[PDB]
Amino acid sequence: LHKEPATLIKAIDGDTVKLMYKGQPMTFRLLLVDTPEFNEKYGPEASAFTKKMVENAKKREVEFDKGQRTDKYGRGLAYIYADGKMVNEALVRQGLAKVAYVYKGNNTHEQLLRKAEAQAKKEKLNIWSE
């Protein structure tokens, strides 16, 4: 896998962001995670985390996995990095997303995120507090 420049249009919520990819405004969905919907518990916190992480970054990058690059909804499927730190991983590590939607075609960072989730669970953070 290889990283490439991400041109940010706007943050959307915990696990989606709007990028301009090859000159097309495009929703990107974070691979291997699930943040709460904005209206659900930890939803506003997940949204705020992803938003500030991507916005405050000097270097924003997108990394496709080996399989499907878009889902059935036309959304890009990628890992997103902010100054070298993976947003997908940071959400899981902080208890603001569950590892989810694990498809064998696009699962390169599964073990990494499962490691992060086990630590969030141990620490009883956010989603794992109840």
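Numbers for residues come from their place in the sequence shown, where the first is 1.
Averaged over their C-alpha atoms, the temperature factors of 102 to 110 and 116 to 124 are higher for 102 to 110. Higher mean CA temperature factor between 52 to 60 and 25 to 33: 52 to 60, per the PDB entry.
Which of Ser47, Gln94, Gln68, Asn88 has the largest Cα B-factor in the deposited entry comes down to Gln68. When the modelled residues of the chain are ordered by C-alpha B-factor, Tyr42 sits in the middle third.
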